[PDB]
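K.L.:
Sharing a structure with you now.
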Amino acid sequence: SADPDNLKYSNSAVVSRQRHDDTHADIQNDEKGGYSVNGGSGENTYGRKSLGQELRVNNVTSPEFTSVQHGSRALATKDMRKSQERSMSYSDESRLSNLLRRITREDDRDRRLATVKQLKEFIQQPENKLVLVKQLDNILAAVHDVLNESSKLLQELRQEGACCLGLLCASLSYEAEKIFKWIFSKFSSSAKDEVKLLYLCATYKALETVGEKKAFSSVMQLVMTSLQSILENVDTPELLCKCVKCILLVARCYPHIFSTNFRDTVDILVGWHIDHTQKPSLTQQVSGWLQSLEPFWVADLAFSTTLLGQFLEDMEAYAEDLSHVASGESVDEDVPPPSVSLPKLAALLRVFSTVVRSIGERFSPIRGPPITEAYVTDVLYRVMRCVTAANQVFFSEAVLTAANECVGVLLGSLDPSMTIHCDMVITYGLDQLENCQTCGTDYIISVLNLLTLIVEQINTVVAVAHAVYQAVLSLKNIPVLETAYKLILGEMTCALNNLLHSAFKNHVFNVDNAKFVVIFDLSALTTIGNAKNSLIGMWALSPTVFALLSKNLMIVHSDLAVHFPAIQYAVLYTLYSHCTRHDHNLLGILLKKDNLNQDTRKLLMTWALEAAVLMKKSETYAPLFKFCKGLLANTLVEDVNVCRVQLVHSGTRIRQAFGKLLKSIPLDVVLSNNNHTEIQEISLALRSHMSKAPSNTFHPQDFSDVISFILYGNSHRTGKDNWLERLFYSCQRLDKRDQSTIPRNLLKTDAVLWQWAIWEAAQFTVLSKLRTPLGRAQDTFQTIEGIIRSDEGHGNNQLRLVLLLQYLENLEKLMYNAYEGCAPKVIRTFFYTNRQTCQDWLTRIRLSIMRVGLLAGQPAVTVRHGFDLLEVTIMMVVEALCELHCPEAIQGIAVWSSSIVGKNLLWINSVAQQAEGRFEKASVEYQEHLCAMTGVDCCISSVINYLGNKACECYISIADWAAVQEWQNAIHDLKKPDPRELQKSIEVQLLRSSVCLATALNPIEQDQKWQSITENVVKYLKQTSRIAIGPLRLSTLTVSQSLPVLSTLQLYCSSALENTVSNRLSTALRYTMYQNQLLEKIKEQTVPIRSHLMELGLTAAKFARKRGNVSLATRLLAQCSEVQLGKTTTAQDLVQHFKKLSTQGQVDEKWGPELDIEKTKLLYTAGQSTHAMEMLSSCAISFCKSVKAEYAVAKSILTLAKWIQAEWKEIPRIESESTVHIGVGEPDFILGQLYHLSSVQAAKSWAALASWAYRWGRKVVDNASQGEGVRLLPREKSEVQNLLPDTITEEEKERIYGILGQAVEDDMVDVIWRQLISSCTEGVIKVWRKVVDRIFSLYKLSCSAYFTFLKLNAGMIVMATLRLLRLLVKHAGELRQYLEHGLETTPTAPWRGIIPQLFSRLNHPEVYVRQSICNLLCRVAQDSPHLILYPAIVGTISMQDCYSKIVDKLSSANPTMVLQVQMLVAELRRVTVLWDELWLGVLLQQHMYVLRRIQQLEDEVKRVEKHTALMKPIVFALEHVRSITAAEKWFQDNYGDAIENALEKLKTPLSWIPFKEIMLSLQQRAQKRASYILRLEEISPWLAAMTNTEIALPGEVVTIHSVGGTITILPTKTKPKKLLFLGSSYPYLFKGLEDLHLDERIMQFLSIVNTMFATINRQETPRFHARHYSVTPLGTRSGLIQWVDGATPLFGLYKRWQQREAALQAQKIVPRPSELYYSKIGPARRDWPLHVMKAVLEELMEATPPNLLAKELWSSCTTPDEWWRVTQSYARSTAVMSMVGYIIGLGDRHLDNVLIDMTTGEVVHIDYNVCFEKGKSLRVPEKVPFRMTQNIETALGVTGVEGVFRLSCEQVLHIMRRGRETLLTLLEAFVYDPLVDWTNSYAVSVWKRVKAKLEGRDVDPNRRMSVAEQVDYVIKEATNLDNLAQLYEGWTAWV
């Protein structure tokens, strides 16, 4: 007690007081006695001792009042009292009675100090003041908090510490208005008096702070419109009293706390606007603009009903000055525009938002002159002329856009404004292009549009908006720019496409959706960011969408190797995108071009030692030195001093393989030992690997654990194959190589002395070591080993087997069947397999075994129904391919294999493949497990130790990826958390199943193969049907798929295997799709017959076995839903077996849909008329006669055919009368009735009727013109009308009428013979009977016209168009009522493109036939004018009443766009020729004309106007050439008109001496330079002025944007001028003094030929395509053509060879192409050598190598597969261009007129000046070749010419041409008989020759040669040495 208090009187002794006071009455005064005398270290500690114990009653609070000795000594004693009052809470003494007044008195002393005491006296005073209600202290404490604190010298935090005190205590006593009154009274008193002094600033503003404090709590009093009067009284003392420019911080914020209490009741705005507009006086101060901009928002909060006009007009140049570096108010100025934007009074918005938009549209024109853009696309602009001319435009746009955000914010249920949503599109043309070059305003506009469209995205009030987004999302997606915009574009698109599905018909836009998906096709590869590709592959994974998917397949095919998580996204995309469209390209050509460009530079940078690691990974199993390190190894180079921005991934693998070979080409290889050891090391890596296939050994090449190392073993083999290929490419530095590399390199010190071909010839085991993983990796070496050895039994079996593995090129396999001349029948049947008729080609393989063995067919092979569609001991093993053909789907071998056991019982050896795979399958889920357990299954009992690791060689994974699916499928039946152990074993199987599609991109391959992609989709189906019970997709879907060949195995045979098991378990909708997998396998066709009956037995009902009695099994069986497509396939199946039993079933199935809604009735009849077309039936006429005569005979087929066509009365207006029947012609008459019955209901059913109707109409009206014909009905009228006199004369009158009426001014002749015999009114009957007798005669053509019209309405159309054009102009008298009423009323409409021949028919000799042609031309010009342009503009410069009526309608729309092209045509006609220097060409024909006058000049002067007047004819031209030149536009009078006046001073008025000076002074300019022509600033400078134009179609079927680059003189020939166009790039050239009108008809004929191959151009991998040539005539003797695509001439590789030979000879040009033939023909007139030319030609063919082109396409292809595609496309394109050239006129084919595309392998041809057999009219050493078959084109195929792949593709061209021969003969009939072509006794001979060449009557007009015979005759003559030796020296027959 007393002891601690005495010890307290040292720092450690006072801390014990805290514990001693808790356990007294003497410790109360100890705090007053000790804490008031000590220092600072022991002062605040004593105040916390008795703070909560005792006592604060009488002795702990009273002594503190007497502590006035010092301020700091009392600061620690005044707070402890209130601390105890808060801690005790009895409450005995806490805010008590008058005893507390002491503290109030202490408040009087707080103002004397710095108010430090109030920090602890006023924070605890009101907290204990309840209740205890006290309110009288507020008026006692506020006397010094605002009056004394007015100038207390900061006095800054005290003002904010005193305002919070007036809340708790001031909450009560709501009658505090007296305080406001007494404050405002003194405020007004101090404001009134007296003048501007220091007294009116300290105590004048501080009182205003009272209004900021006392108004804090007073919010409930009272209120009755008193605050309005308060504001009225407060506003005045600050308006007219200052006038002083003092501080208004507390003055401007005074109404802030007062005017916020009312919202819309009433205000004094008439005295407030001036209070708010006058204050913003720029510019003071930085801290003063806040409380001046806040009252704007305060007023706008209360301005919602009464506000208009000038209050918004004060925002032009008043408050916008605060938009600068001052950041203290930059955010305080961006609040008012939002506060005025949405609220309120939309009438005020029409001013505010319009001013904002005018300011926005007035800043972009300021940036105009800096960029010289358009001016200015202004719609919502006002009169505000502000010139910033600084960087303030960016800020003015950004602030305005950020302020306009609140307009597009929810909800905003009103749109009376200018649709700010459309403001982002109405200006989208200017600020979104450059803008490049701005560059952030586009980003800001995109952010604004995104923020506007996030709240509402799509609903279908505006409806076009939901369709205008995509329309503007595509134009802004790929104008490649900075990456700051794509991050938002790909996000907006990903947010839009998600809501598209989650609507519903928005996919069919169609112009919006078909363009919104094209930008994803480009944004999915570039650039490499790893963030946008995930926002595109996922954004496109949900949509399909409707039309285009091949682009997605071309993207994913090159996107599965990024070595990033995007691989999984692309896999998930391609696994569920779609099937049968892979297997249906664009991006593969980009990889091809990137690989073909890196080999040309030949850079030597890497590597000396780093290249040795690229060989260890391929040859050995060592890892990468680590990680993939591909990008690192690529970036280590260059290092300079090229590939695009993809760099993943094959582009790096191929580059590394090529670099490791550019390093290996030098002699001393650093990667390995010397050359003689490196060659051995490479040879041993294949000699110990090729023998592994016919054996079973182990090596580190195939056994590599663990995955992924077994699936990476195929990559090693592919890399080694590509390494060898590129080595053979680079080892050609001895020929040397062509312009690909330099030659290849200098390299002429060892590569010429040493020969590495002896090693390649002795190491050709690559045919076996590279045929397993890759197909085309063996043909490159097989076609080089088999061509130099001119064994053969083993080297040939590895050739036909490789071509069979390709699943294509079956036409090239027939070459070896005709190649047996070089020292058998096995190849003739080995090529009959693909040929996808695995059912067939089995007999011929077994037939090739006799008599070398047994019969080999165990029970049968059913050969009788299969033809209606040396002891080497090595070929017998190849016959094992039978097990790969017949078994894999038709197993059979269960007995047939035993037939081998006997066959192997007598000889050795005859081995086969594994048998467990065939014993496990199929249809059994119990024995399958026991059969799979015996193999290498190591199955899982219900990663990365899966099925096998030794050996599992290359290409065997297909057999391993199908045995796994059989395990998890049997587990699904054994079982049904449980399948959780299966998804971890299947999802990992997809990682190893997609390695065959990943190796399909090394180095570059096409969609091949398709036998391994099915195991990927069917595995995704299993992994999808495992997590659930299969309630939806996948199924999978394998519907057409009009591929169409696509061999069923393993496409369909491996798809119906798992699909049948998926349906065999029923413990959704897996029964309707299952029939689609069989119906698409029954129609095979062509021609698996044995594999076409199992699906028929599984579809409807099962059948045990049939040896040919299928007709008795499935015939006349009616069914119901679903679709009956399974019926029309059984009849077509019986067609291949029977002939009369199939038509009966067809006609029976015709009577089925008689009462039905299915359109299949349009396919049966149209599919049956071909069966009953030919030829032995001949019973239709008898059946018709019987029907007309009580039919009782004979067969059921005729009865059914007559009962199916009799339904025409129960269902193209009227059917047959029939007057066109046997009475006049058409004896059959039944096929026409069937074609007419097949009209129901609507596309390919009308063309079949028209082709018959028009044919039989043209085959009757021509026959009736020679004879006559009349029916009984039209002849009885004349007999009953001509009474009385006599009918004997009528007997001949009828014959005369029948003869004359069918002979079709012409109608009037019908009366000439009328009055010649009778001679009697009755004049109208002679004009009515003569037209009724010709009505039915001309009725077969009206039905044809109606059928063609109905076919054009429903969408070949060219055939119908040509037939209608040939029928309209032939005889317009009939049918005029059908042609005039159908051609002018929506014919097709129109029938663009390729047939514009109406222009040639406008100048017809008959009236009323052009009135419809002009209307149709006006229609085709008004609708889609871009299809045909320059239609009559050329014609109007050089019938004349039609070009104007066309051009006026063409110019009605966009007259500027047609005026531009008119001026362009005028300039193109003015630049030609020019004829300024061409006048010498007129003088160049004066060899003996002008000289004769000389003979008179020396005659008149010797004998002493006839001589001077003889040259008067030349004066008319000498003056004409000077008169046409009268205005290098300004320099033409100085460069052209230089001495033109001084040259005719004597020649024109009178030896013609001044004639050669002008011809010699201009000829020197041609020899000075090559292209002696200036730029577009030439004589025609308008081309350089039109820097922009609309769509003009520069001779195409869009990019004519500004101007071409420059023109060239082309000194090669005369007179081409190659120029560009550089459209939105396209080289063209002019041709003058040459009629370019027939060359357009030639290209039209070529296009008509190419549109007929499209029906068969479906895989068809070597697509039939004749290269077109875009030409356009620019008047008579003027035209414009295209120059060239990417293609090098065939003469270049010969001139380069000559140069290389000259350089090689110089190391021990001319050539010349014309001087070399004379260098050897010397030592031998017309002449007749003759007989020496055939011998001298062999002396030149044995000098040039025959592989000048074969080694060019081989060197221009990096991959061994691209080379195969190029060589297969070249042999197809050459055959196409040669069979068209053999027909019409193509001759004089030099090495300059025939080019070749080095990229795709196609062959293009230059314009044909000589055509239509004009090559036989010379007047030159005569040549008769039907094509080009030189030495360097015959050896370009795989083996030869015949019967090689190039022959079998020529026989199909003649078949497709003779089948549509008329369609060509009708074209020539319109090509010839012209008005402007100027080819008439010559235009008929060419047409007759073309008809004879198409009818095979070329040489013998009495025998019809077959297609194969004609092809052989044309090939034997084109390659004969006799015809190839009598050609011109310039043709280069030896080369």
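Labeling convention for the structure tokens: chains A, B, ... as they appear, residues from 1 per chain, ligands from 1 in order of appearance.
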Pick out the residues sitting within 12 Å of residue 425 (chain A), and hand them over as a ChimeraX atom specification; count only C-alpha atoms, and ignore anything fewer than 3 positions along from it in its own chain.
P.N.:
/A:377,419-422,428-432,442,445-446,449,465,468-469,471-473,475-476
K.L.:
Limited to N, CA, C and O atoms, could you put the picked residues into a file as a PDB file, in the first residue's frame?
P.N.:
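New file again32.pdb:
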```pdb
ATOM      1  N   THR A 377     -15.674  14.081 -94.300  1.00  0.00           N
ATOM      2  CA  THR A 377     -16.776  13.187 -93.938  1.00  0.00           C
ATOM      3  C   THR A 377     -17.493  13.696 -92.684  1.00  0.00           C
ATOM      4  O   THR A 377     -17.540  13.036 -91.643  1.00  0.00           O
ATOM      5  N   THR A 419     -28.226   8.680 -82.887  1.00  0.00           N
ATOM      6  CA  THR A 419     -27.783   7.278 -82.825  1.00  0.00           C
ATOM      7  C   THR A 419     -26.254   7.177 -82.782  1.00  0.00           C
ATOM      8  O   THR A 419     -25.586   6.779 -83.737  1.00  0.00           O
ATOM      9  N   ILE A 420     -25.724   7.581 -81.625  1.00  0.00           N
ATOM     10  CA  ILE A 420     -24.297   7.533 -81.319  1.00  0.00           C
ATOM     11  C   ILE A 420     -23.714   6.161 -81.647  1.00  0.00           C
ATOM     12  O   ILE A 420     -22.525   6.041 -81.964  1.00  0.00           O
ATOM     13  N   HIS A 421     -24.544   5.116 -81.575  1.00  0.00           N
ATOM     14  CA  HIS A 421     -24.103   3.793 -82.006  1.00  0.00           C
ATOM     15  C   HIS A 421     -23.681   3.804 -83.469  1.00  0.00           C
ATOM     16  O   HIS A 421     -22.672   3.191 -83.838  1.00  0.00           O
ATOM     17  N   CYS A 422     -24.437   4.499 -84.319  1.00  0.00           N
ATOM     18  CA  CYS A 422     -24.084   4.622 -85.726  1.00  0.00           C
ATOM     19  C   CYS A 422     -22.993   5.657 -85.970  1.00  0.00           C
ATOM     20  O   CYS A 422     -22.488   5.748 -87.094  1.00  0.00           O
ATOM     21  N   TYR A 428     -16.321   5.604 -89.788  1.00  0.00           N
ATOM     22  CA  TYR A 428     -15.371   4.498 -89.774  1.00  0.00           C
ATOM     23  C   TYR A 428     -14.493   4.449 -91.018  1.00  0.00           C
ATOM     24  O   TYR A 428     -13.531   3.674 -91.043  1.00  0.00           O
ATOM     25  N   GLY A 429     -14.795   5.244 -92.046  1.00  0.00           N
ATOM     26  CA  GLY A 429     -13.984   5.223 -93.250  1.00  0.00           C
ATOM     27  C   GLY A 429     -12.767   6.120 -93.190  1.00  0.00           C
ATOM     28  O   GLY A 429     -11.774   5.862 -93.878  1.00  0.00           O
ATOM     29  N   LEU A 430     -12.817   7.175 -92.376  1.00  0.00           N
ATOM     30  CA  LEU A 430     -11.731   8.149 -92.321  1.00  0.00           C
ATOM     31  C   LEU A 430     -10.737   7.840 -91.202  1.00  0.00           C
ATOM     32  O   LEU A 430      -9.543   7.658 -91.457  1.00  0.00           O
ATOM     33  N   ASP A 431     -11.217   7.783 -89.962  1.00  0.00           N
ATOM     34  CA  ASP A 431     -10.347   7.648 -88.799  1.00  0.00           C
ATOM     35  C   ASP A 431      -9.913   6.211 -88.529  1.00  0.00           C
ATOM     36  O   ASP A 431      -9.390   5.936 -87.443  1.00  0.00           O
ATOM     37  N   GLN A 432     -10.110   5.292 -89.476  1.00  0.00           N
ATOM     38  CA  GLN A 432      -9.741   3.895 -89.284  1.00  0.00           C
ATOM     39  C   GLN A 432      -8.835   3.361 -90.386  1.00  0.00           C
ATOM     40  O   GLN A 432      -8.630   2.143 -90.466  1.00  0.00           O
ATOM     41  N   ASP A 442      -8.147   4.742 -83.310  1.00  0.00           N
ATOM     42  CA  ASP A 442      -8.830   3.496 -83.642  1.00  0.00           C
ATOM     43  C   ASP A 442      -8.977   2.607 -82.415  1.00  0.00           C
ATOM     44  O   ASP A 442     -10.033   1.998 -82.211  1.00  0.00           O
ATOM     45  N   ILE A 445     -11.765   4.126 -80.280  1.00  0.00           N
ATOM     46  CA  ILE A 445     -13.083   3.874 -80.854  1.00  0.00           C
ATOM     47  C   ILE A 445     -13.477   2.413 -80.670  1.00  0.00           C
ATOM     48  O   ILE A 445     -14.645   2.100 -80.409  1.00  0.00           O
ATOM     49  N   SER A 446     -12.513   1.497 -80.787  1.00  0.00           N
ATOM     50  CA  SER A 446     -12.807   0.087 -80.555  1.00  0.00           C
ATOM     51  C   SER A 446     -13.193  -0.162 -79.102  1.00  0.00           C
ATOM     52  O   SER A 446     -14.128  -0.923 -78.825  1.00  0.00           O
ATOM     53  N   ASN A 449     -16.767   1.165 -78.679  1.00  0.00           N
ATOM     54  CA  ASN A 449     -17.756   0.270 -79.267  1.00  0.00           C
ATOM     55  C   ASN A 449     -17.912  -1.011 -78.460  1.00  0.00           C
ATOM     56  O   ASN A 449     -19.031  -1.517 -78.320  1.00  0.00           O
ATOM     57  N   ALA A 465     -28.406  -3.349 -86.691  1.00  0.00           N
ATOM     58  CA  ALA A 465     -27.226  -3.249 -85.837  1.00  0.00           C
ATOM     59  C   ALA A 465     -26.653  -4.626 -85.523  1.00  0.00           C
ATOM     60  O   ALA A 465     -25.441  -4.847 -85.631  1.00  0.00           O
ATOM     61  N   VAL A 468     -24.717  -5.441 -88.395  1.00  0.00           N
ATOM     62  CA  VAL A 468     -23.684  -4.510 -88.845  1.00  0.00           C
ATOM     63  C   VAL A 468     -22.372  -4.691 -88.097  1.00  0.00           C
ATOM     64  O   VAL A 468     -21.343  -4.149 -88.531  1.00  0.00           O
ATOM     65  N   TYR A 469     -22.370  -5.438 -86.992  1.00  0.00           N
ATOM     66  CA  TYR A 469     -21.140  -5.646 -86.234  1.00  0.00           C
ATOM     67  C   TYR A 469     -20.145  -6.481 -87.031  1.00  0.00           C
ATOM     68  O   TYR A 469     -19.020  -6.044 -87.298  1.00  0.00           O
ATOM     69  N   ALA A 471     -20.166  -7.127 -90.146  1.00  0.00           N
ATOM     70  CA  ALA A 471     -19.835  -6.406 -91.370  1.00  0.00           C
ATOM     71  C   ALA A 471     -18.714  -5.399 -91.148  1.00  0.00           C
ATOM     72  O   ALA A 471     -17.951  -5.109 -92.076  1.00  0.00           O
ATOM     73  N   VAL A 472     -18.594  -4.857 -89.934  1.00  0.00           N
ATOM     74  CA  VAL A 472     -17.478  -3.976 -89.606  1.00  0.00           C
ATOM     75  C   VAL A 472     -16.411  -4.677 -88.777  1.00  0.00           C
ATOM     76  O   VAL A 472     -15.348  -4.085 -88.531  1.00  0.00           O
ATOM     77  N   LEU A 473     -16.653  -5.916 -88.342  1.00  0.00           N
ATOM     78  CA  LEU A 473     -15.632  -6.677 -87.638  1.00  0.00           C
ATOM     79  C   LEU A 473     -14.665  -7.379 -88.580  1.00  0.00           C
ATOM     80  O   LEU A 473     -13.609  -7.834 -88.129  1.00  0.00           O
ATOM     81  N   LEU A 475     -13.756  -5.890 -91.826  1.00  0.00           N
ATOM     82  CA  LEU A 475     -12.966  -4.856 -92.481  1.00  0.00           C
ATOM     83  C   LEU A 475     -11.876  -4.300 -91.574  1.00  0.00           C
ATOM     84  O   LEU A 475     -10.902  -3.729 -92.075  1.00  0.00           O
ATOM     85  N   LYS A 476     -12.014  -4.457 -90.257  1.00  0.00           N
ATOM     86  CA  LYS A 476     -11.027  -3.971 -89.304  1.00  0.00           C
ATOM     87  C   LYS A 476     -10.189  -5.081 -88.689  1.00  0.00           C
ATOM     88  O   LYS A 476      -9.323  -4.792 -87.856  1.00  0.00           O
TER      89      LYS A 476
END
```
K.L.:
With only C-alpha atoms as the counted atoms, please give the residues lying no more than 10 Å from residue 418 (chain A), apart from itself and same-chain residues fewer than 4 positions off, as an NGL selection string.
P.N.:
:A and (349-350 or 353-354 or 357 or 380 or 422-423)
K.L.:
Dump N, CA, C and O atoms for the selected residues as a CSV table (one decimal), in the first residue's frame?
P.N.:
```
chain,number,residue,atom,x,y,z
A,349,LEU,N,-30.0,17.4,-75.0
A,349,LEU,CA,-29.0,16.5,-75.6
A,349,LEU,C,-28.8,16.9,-77.0
A,349,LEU,O,-27.6,16.9,-77.5
A,350,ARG,N,-29.9,17.2,-77.8
A,350,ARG,CA,-29.7,17.6,-79.2
A,350,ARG,C,-28.9,18.9,-79.3
A,350,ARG,O,-28.6,19.2,-80.5
A,353,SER,N,-24.8,17.0,-77.0
A,353,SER,CA,-24.1,15.9,-77.8
A,353,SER,C,-23.8,16.4,-79.2
A,353,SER,O,-22.7,16.0,-79.7
A,354,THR,N,-24.6,17.2,-79.8
A,354,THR,CA,-24.2,17.7,-81.1
A,354,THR,C,-23.0,18.6,-81.1
A,354,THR,O,-22.2,18.6,-82.0
A,357,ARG,N,-20.0,16.3,-80.7
A,357,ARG,CA,-19.7,15.6,-81.9
A,357,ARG,C,-19.1,16.6,-82.9
A,357,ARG,O,-18.3,16.2,-83.7
A,380,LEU,N,-22.4,15.7,-88.5
A,380,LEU,CA,-22.9,16.3,-87.3
A,380,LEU,C,-22.0,17.5,-86.8
A,380,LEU,O,-21.8,17.7,-85.6
A,422,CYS,N,-24.4,4.5,-84.3
A,422,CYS,CA,-24.1,4.6,-85.7
A,422,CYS,C,-23.0,5.7,-86.0
A,422,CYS,O,-22.5,5.7,-87.1
A,423,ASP,N,-22.6,6.4,-85.0
A,423,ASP,CA,-21.5,7.4,-85.1
A,423,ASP,C,-20.2,6.7,-85.3
A,423,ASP,O,-19.3,7.2,-86.0
```
K.L.:
Of the candidates A:854, A:1648, A:1735, A:541, which shows the shortest atom-to-atom distance to residue 905 (chain A), using only C-alpha atoms?
P.N.:
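That would be A:854, the residue with the smallest distance to residue 905 (chain A).
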K.L.:
Between A:620, A:580, A:413, A:1699, single out the one closest to residue 700 (chain A), counting only C-alpha atoms.
P.N.:
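Closest residue, counting only C-alpha atoms: A:620.
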K.L.:
Counting only C-alpha atoms, which of A:1318, A:994, A:506, A:1091 gets nearest to residue 460 (chain A)?
P.N.:
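When distances to residue 460 (chain A) are compared using only C-alpha atoms, the smallest one comes from A:506.
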K.L.:
Excluding same-chain residues fewer than 5 positions from residue 1895 (chain A), what lies within 10 Å of it counting only C-alpha atoms, as an mmCIF file with C-alpha atoms, in the first residue's frame?
P.N.:
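Below you can see out_13.cif, which holds the result:
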```
data_model
loop_
_atom_site.group_PDB
_atom_site.id
_atom_site.type_symbol
_atom_site.label_atom_id
_atom_site.label_comp_id
_atom_site.auth_asym_id
_atom_site.auth_seq_id
_atom_site.Cartn_x
_atom_site.Cartn_y
_atom_site.Cartn_z
ATOM 1 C CA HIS A 1854 -11.856 -37.728 -126.190
ATOM 2 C CA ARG A 1857 -15.550 -34.465 -125.796
ATOM 3 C CA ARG A 1858 -17.399 -36.878 -128.097
ATOM 4 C CA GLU A 1861 -19.507 -32.826 -129.186
ATOM 5 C CA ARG A 1889 -12.068 -29.789 -140.065
ATOM 6 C CA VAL A 1890 -12.949 -29.369 -136.382
ATOM 7 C CA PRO A 1901 -13.788 -40.162 -143.767
ATOM 8 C CA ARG A 1904 -15.102 -44.271 -137.369
ATOM 9 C CA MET A 1905 -11.873 -44.557 -135.388
ATOM 10 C CA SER A 1906 -12.093 -45.288 -131.669
ATOM 11 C CA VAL A 1907 -10.753 -42.968 -128.979
#
```
K.L.:
Set the distance at 8 Å and use only C-alpha atoms: which residues neighbour region 1590-1605 of chain A once local chain neighbours fewer than 6 positions away are removed? I'd like the list as number ranges by chain.
P.N.:
A: 1426-1429, 1457, 1461, 1575-1576, 1583-1584, 1619-1624, 1670-1672
K.L.:
I'd like to know which of A:663, A:1547, A:676, A:109 is closest to residue 730 (chain A), using only C-alpha atoms.
P.N.:
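Closest to residue 730 (chain A), using only C-alpha atoms: A:663.
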K.L.:
Name all residues at most 12 Å from residue 936 (chain A) (count only C-alpha atoms; drop same-chain ones fewer than 5 positions away) and give them as a list in words.
P.N.:
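Once the nearby chain positions are removed, what remains is residues 914, 916, 917, 931, 946, 947, 948, 949, 950, 951, 952, 959, 960, 963 and 964 of chain A.
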K.L.:
Write out, as a compact mmCIF listing (two decimals), in the first residue's frame, the residues just selected, with N, CA and C atoms.
P.N.:
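So the final result, stored in result.txt, reads:
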```txt
# COMPACT_ATOMS: atom_id res chain seq x y z
N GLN A 914 0.47 -61.83 -89.75
CA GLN A 914 -0.15 -62.31 -88.52
C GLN A 914 -1.60 -62.71 -88.76
N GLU A 916 -3.76 -63.43 -85.73
CA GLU A 916 -4.58 -63.13 -84.56
C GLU A 916 -5.48 -61.92 -84.81
N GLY A 917 -5.00 -60.94 -85.57
CA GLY A 917 -5.82 -59.78 -85.89
C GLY A 917 -7.06 -60.13 -86.68
N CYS A 931 -8.40 -64.02 -78.12
CA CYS A 931 -7.58 -63.88 -79.32
C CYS A 931 -6.61 -62.71 -79.21
N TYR A 946 2.48 -48.73 -72.54
CA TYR A 946 1.38 -49.27 -73.33
C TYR A 946 1.86 -50.45 -74.18
N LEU A 947 1.00 -50.86 -75.12
CA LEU A 947 0.99 -52.17 -75.77
C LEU A 947 2.36 -52.79 -76.02
N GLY A 948 3.29 -52.05 -76.62
CA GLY A 948 4.57 -52.63 -76.98
C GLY A 948 5.64 -51.58 -77.17
N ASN A 949 6.89 -51.99 -76.97
CA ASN A 949 8.05 -51.14 -77.19
C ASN A 949 9.14 -51.84 -77.98
N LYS A 950 8.93 -53.10 -78.37
CA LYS A 950 9.92 -53.86 -79.13
C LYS A 950 9.18 -54.90 -79.95
N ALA A 951 9.23 -54.76 -81.27
CA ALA A 951 10.00 -53.70 -81.92
C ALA A 951 9.13 -52.50 -82.25
N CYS A 952 7.93 -52.77 -82.76
CA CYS A 952 6.98 -51.73 -83.17
C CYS A 952 7.63 -50.77 -84.17
N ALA A 959 -1.74 -51.00 -87.25
CA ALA A 959 -2.17 -52.26 -86.67
C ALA A 959 -2.18 -52.22 -85.14
N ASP A 960 -1.48 -51.26 -84.54
CA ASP A 960 -1.46 -51.12 -83.09
C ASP A 960 -2.49 -50.12 -82.57
N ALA A 963 -5.98 -52.32 -82.37
CA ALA A 963 -6.13 -53.35 -81.35
C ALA A 963 -6.47 -52.76 -79.98
N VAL A 964 -6.11 -51.50 -79.73
CA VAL A 964 -6.44 -50.87 -78.46
C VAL A 964 -7.93 -50.55 -78.39
```
